[PDB]
Amino acid sequence: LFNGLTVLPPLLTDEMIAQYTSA
Amino acid sequence: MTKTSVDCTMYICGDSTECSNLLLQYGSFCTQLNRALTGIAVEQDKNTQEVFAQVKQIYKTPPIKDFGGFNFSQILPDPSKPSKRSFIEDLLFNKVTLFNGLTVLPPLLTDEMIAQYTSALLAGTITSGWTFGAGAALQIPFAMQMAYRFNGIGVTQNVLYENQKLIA
Amino acid sequence: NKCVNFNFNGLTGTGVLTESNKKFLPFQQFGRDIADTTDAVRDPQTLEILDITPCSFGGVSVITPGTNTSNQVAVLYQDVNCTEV
Amino acid sequence: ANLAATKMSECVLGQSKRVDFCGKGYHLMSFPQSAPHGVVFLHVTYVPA
Amino acid sequence: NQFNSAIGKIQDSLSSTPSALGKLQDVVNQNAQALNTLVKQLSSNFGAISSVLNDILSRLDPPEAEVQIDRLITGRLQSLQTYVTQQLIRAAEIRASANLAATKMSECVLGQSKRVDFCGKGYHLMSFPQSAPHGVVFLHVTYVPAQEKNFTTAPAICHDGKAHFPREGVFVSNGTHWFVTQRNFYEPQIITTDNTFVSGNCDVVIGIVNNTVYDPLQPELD
Amino acid sequence: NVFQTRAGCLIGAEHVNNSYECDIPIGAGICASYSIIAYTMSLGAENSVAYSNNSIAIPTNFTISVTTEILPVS
Ligand SMILES: *[C@@H]1O[C@H](CO)[C@@H](O)[C@H](O)[C@H]1NC(C)=O
Ligand SMILES: *[C@@H]1O[C@H](CO)[C@@H](O)[C@H](O)[C@H]1NC(C)=O
Ligand SMILES: *[C@@H]1O[C@H](CO)[C@@H](O)[C@H](O)[C@H]1NC(C)=O
Ligand SMILES: *[C@@H]1O[C@H](CO)[C@@H](O)[C@H](O)[C@H]1NC(C)=O
Ligand SMILES: *[C@@H]1O[C@H](CO)[C@@H](O)[C@H](O)[C@H]1NC(C)=O
Ligand SMILES: *[C@@H]1O[C@H](CO)[C@@H](O)[C@H](O)[C@H]1NC(C)=O
Ligand SMILES: *[C@@H]1O[C@H](CO)[C@@H](O)[C@H](O)[C@H]1NC(C)=O
Ligand SMILES: *[C@@H]1O[C@H](CO)[C@@H](O)[C@H](O)[C@H]1NC(C)=O
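If you read the sequences in order, they're chains W, G, L, A, C and X. Numbering (the UniProt record's numbering) for the first sequence: 828, 855 to 876. Numbering (the UniProt record's numbering) for the second sequence: 731 to 828, 855 to 924. Using the UniProt record's numbering, you'd call the opening residue of the third sequence number 536 and step up by one each time. Using the UniProt record's numbering, you'd call the opening residue of the fourth sequence number 1022 and step up by one each time. Using the UniProt record's numbering, you'd call the opening residue of the fifth sequence number 925 and step up by one each time. Numbering (the UniProt record's numbering) for the sixth sequence: 641 to 674, 691 to 730.
Here is the structure:
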């Protein structure tokens, strides 16, 4: 890798993508 | 696609410093546009590059054209060097009939490149068919490679060998 | 801890300002991070360093199971402390 | 361009069972052939009779 | 041994390799330019007198201030919908790449694909997906044969006045005699009647030769 | 030293006789590298097939190659 503009956090956190990948 | 080059501002007004005040006093939209057109240009350098830089190996055919008695004068690179393009590609080139501070860049890969990229490609095909996409171009008479092809469909070699003279 | 309109020794702005631990150069007064957004200023009375912070805000989204299940609804304060209600 | 790269990968650099992805008919083969701003594949395909 | 040596080799490269991922780094640099330009617009005149309406309000009257704001607000209404157009042409390129990646996993991870170079270049084996902060990468496993070595072939052989053709195989000779290996390894066994098939005589082929085909059928006699 | 080209006029970098793999793409196939000088992209390496109507070569070994195919997702 503010002003009244922001960015949402990813819906699927790396922990999800990790055990989706593990399965 | 044509890769452009743009002298944005001078189009936008053309030789007025007063303008340039008004434009920097308008912002940098022409700048975003230039980034867009550089992104285009790289995208299609890359497009062409994945289109034809598919082999890391320049194949040449032998001086011996023996692919089963076939004649290939009009479709292969012409030893006379008319850009070593086929007479078919000679038509394809003939068959396309075409300033102000705006100009267009010339294609990154000149037809001479695309021609012997295609020539290496086509050598790899005729000697291998499918192996050079899986690795190196491996010799084959091309009678047994269509043999393996019919095996892929589940049919013998002898059908081709029974009429392979017809079939040619 | 208040979004407020401030005019400090002729320097005027609006937003929520808090303390900053930053140290400006002795001549240096007020600070903007990248994007030219002010982040801290040197006090007009005391020339100490005070953090300029964004006028708090948030989204407003309303959450439903649809009418015909219910007239019930959940509500979200958006990246915002619900202390600010 | 992605579609053409896939086309050559499957018809020129390999033998494809895809139907009509390398032209219509029983697949044999395809010869690429460049253009001033393009490339064309000369698709070879089998028709029983 | 070679499977795990190759994994270690991806290990050591990827801990050392630069410019391998550079593309997702570009995409974040690339969104980041987008919004940084958007900001540096909002502090921009767009042809207005100032970049700040607040000073206008504190020093000017309703009519002139509001016309200046009209031109200011027109400038920002492009800059926004331009940004939105930027983003949804990014998102179109993403959605294409995402269909392509879903197909990639369907065919390489969830199945064995004959597609050439669709699961990386080489003879297909296998692919291990491996996620990223904003992406996923497939560790594609593919087969490369080695030690090519040149022999002569024959489609069939003239025997019993017959061309006995390979049921599934090829006939090669080392220098003097005639083994049946498969097409894409040297996996030889001996040319025999039970591993090649007859269809017709040998009086038409080009490239056939005379020789015998072993048949394990007399020794049944004794 | 000085050269005028398609893409314009390049100076201080030697237009050469050789051709190696592209490092600094200029255009019309024309790249640059090592002091650093302008030269023509090399297409690859030139190999001839042992074409015989009556011969084949098949490998007696193989490897287990593993590769990473990198794709954008989100
Ligand atoms: C401002 O002036 C008063 C008057 O003497 C003084 O006591 C005070 O310390 C001054 N402010 C600062 C920050 O020193
Ligand atoms: C909700 O839907 C059901 C059918 O699924 C219907 O029978 C019912 O009338 C609906 N409720 C209202 C208030 O319309
Ligand atoms: C506001 O919310 C943030 C989010 O974690 C928290 O860290 C902080 O302590 C909260 N402050 C107050 C005053 O509620
Ligand atoms: C090739 O032919 C020889 C006899 O010339 C045969 O005995 C042998 O099994 C084959 N292999 C080698 C390496 O000679
Ligand atoms: C095969 O045998 C026949 C009859 O013995 C003969 O006419 C023919 O020339 C032979 N061909 C070869 C290649 O030995
Ligand atoms: C035939 O085999 C030997 C094996 O090393 C090789 O050197 C030779 O080049 C091969 N034939 C051709 C045409 O390359
Ligand atoms: C096969 O190759 C040999 C020499 O390599 C040649 O004499 C013969 O004519 C070829 N076969 C045919 C049918 O041309
Ligand atoms: C293949 O290469 C390896 C590399 O050391 C070697 O050990 C092996 O004997 C070779 N032959 C085969 C058939 O694997």
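The C-beta atom is built at its ideal place from N, Cα and C for all residues, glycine as well.
Residues of its chain near residue i, where Cβ-Cβ distance is below 7 Å and the 5 sequence neighbours each way are ignored
i: C/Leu948; result: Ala1056, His1058, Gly1059
i: C/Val1129; result: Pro1079, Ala1080, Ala1087
i: G/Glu868; result: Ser813
i: C/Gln992; result: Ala972, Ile973, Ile980
i: G/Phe800; result: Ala924
i: G/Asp775; result: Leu864
i: G/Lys825; result: none
i: C/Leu996; result: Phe970, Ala972, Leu977
Rounded C-alpha distance that separates residue i from residue j
i: G/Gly857; j: G/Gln755; result: 23 Å
i: L/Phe559; j: L/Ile587; result: 14 Å
i: C/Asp1139; j: G/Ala903; result: 25 Å
i: residue 1208 of chain C; j: L/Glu619; result: Because chain C spans 925 through 1146 in this model, residue 1208 of chain C falls outside it and cannot be assessed.
i: A/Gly1044; j: C/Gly1099; result: 43 Å
i: X/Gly669; j: X/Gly648; result: 14 Å
i: L/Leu585; j: G/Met740; result: 46 Å
i: C/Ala956; j: C/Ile934; result: 30 Å
i: G/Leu864; j: X/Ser659; result: 16 Å
i: G/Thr761; j: C/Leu959; result: 14 Å
i: X/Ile692; j: X/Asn717; result: 41 Å
i: C/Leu1034; j: G/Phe906; result: 28 Å
i: C/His1048; j: C/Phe1042; result: 9 Å
i: G/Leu753; j: C/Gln1005; result: 20 Å
i: G/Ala876; j: G/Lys790; result: 6 Å
i: C/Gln1106; j: X/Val722; result: 24 Å
i: G/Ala783; j: X/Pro728; result: 21 Å
i: A/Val1040; j: C/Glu1031; result: 17 Å
i: C/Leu1141; j: X/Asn710; result: 32 Å
i: G/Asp737; j: A/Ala1026; result: 33 Å
i: C/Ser1003; j: L/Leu546; result: 29 Å
i: G/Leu922; j: G/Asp796; result: 17 Å
Cβ-heavy atom distance, residue i to ligand 3, below 7 Å
i: L/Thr553; result: no
i: L/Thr588; result: no
i: W/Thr859; result: no
Residues of its chain near residue i, where Cβ-Cβ distance is below 6 Å and the 5 sequence neighbours each way are ignored
i: residue 850 of chain G; result: It's not possible to place residue 850 of chain G here, given that chain G moves directly from 828 to 855.
i: X/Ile651; result: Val642
i: L/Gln564; result: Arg577
i: G/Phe817; result: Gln804
i: C/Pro1090; result: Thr1120
i: G/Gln901; result: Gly885
Ligand 2 heavy atom lying under 7 Å from the CB of residue i
i: L/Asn606; result: no
i: L/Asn603; result: yes
Assumed close pair residue i, residue j - CB separation to whole angstroms, cut-off 8 Å
i: residue 1148 of chain C; j: C/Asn1119; result: Limits of chain C in this structure are 925 at one end and 1146 at the other, which puts residue 1148 of chain C out of reach.
i: L/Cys538; j: L/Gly550; result: 6 Å
i: G/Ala892; j: G/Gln920; result: 26 Å between Cβ atoms; not a contact.
i: G/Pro897; j: X/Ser708; result: 7 Å
Contact test: residue i Cβ vs ligand 4 heavy atom, cutoff 7 Å
i: C/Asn1098; result: yes
i: A/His1048; result: no
i: C/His1101; result: yes
Same chain only: Cβ atoms within 8 Å of residue i, ignoring 5 sequence neighbours per side
i: L/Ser591; result: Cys538, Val551, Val615, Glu619
i: C/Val1137; result: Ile1081, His1083, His1088, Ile1115, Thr1116, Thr1117, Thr1120
i: A/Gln1054; result: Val1060, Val1061, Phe1062, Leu1063
i: C/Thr998; result: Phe970
i: L/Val610; result: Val597, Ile598
heavy atom of ligand 5 below 7 Å from residue i C-beta
i: C/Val1133; result: yes
i: residue 1168 of chain C; result: Lying outside 925 to 1146, the shown extent of chain C, residue 1168 of chain C is not represented and no answer is given.
Proximity test, residue i beta-carbon vs ligand 1 heavy atom, cut-off 7 Å
i: L/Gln564; result: no
i: C/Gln965; result: no
heavy atom of ligand 8 below 7 Å from residue i C-beta
i: W/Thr866; result: no
Inset, instruction - Write down every uninterrupted run of the beta strand (DSSP E) in the stretch 1029-1065 of chain C whose length is 3 residues or greater and which is fully enclosed by it, in chain order. - result: 1047-1055
Inset, instruction - Tell me the start and end of each unbroken alpha helix (DSSP H) in the stretch 952-1036 of chain C that is at least 4 residues and wholly inside, in chain order. - result: 977-983, 986-1028
Inset, instruction - Mind listing, in chain order, the continuous alpha helix (DSSP H) runs of no fewer than 4 residues lying wholly within the stretch 735-806 of chain G? - result: 738-742, 747-754, 759-782
Inset, instruction - Tell me the start and end of each unbroken beta strand (DSSP E) in the stretch 554-612 of chain L that is at least 3 residues and wholly inside, in chain order. - result: 565-568, 572-577, 584-588, 595-598, 609-612
Legend entry - 3 or more residues per run - each beta strand (DSSP E) lying fully within the stretch 1076-1107 of chain C: 1081-1083, 1086-1089, 1094-1097, 1102-1105
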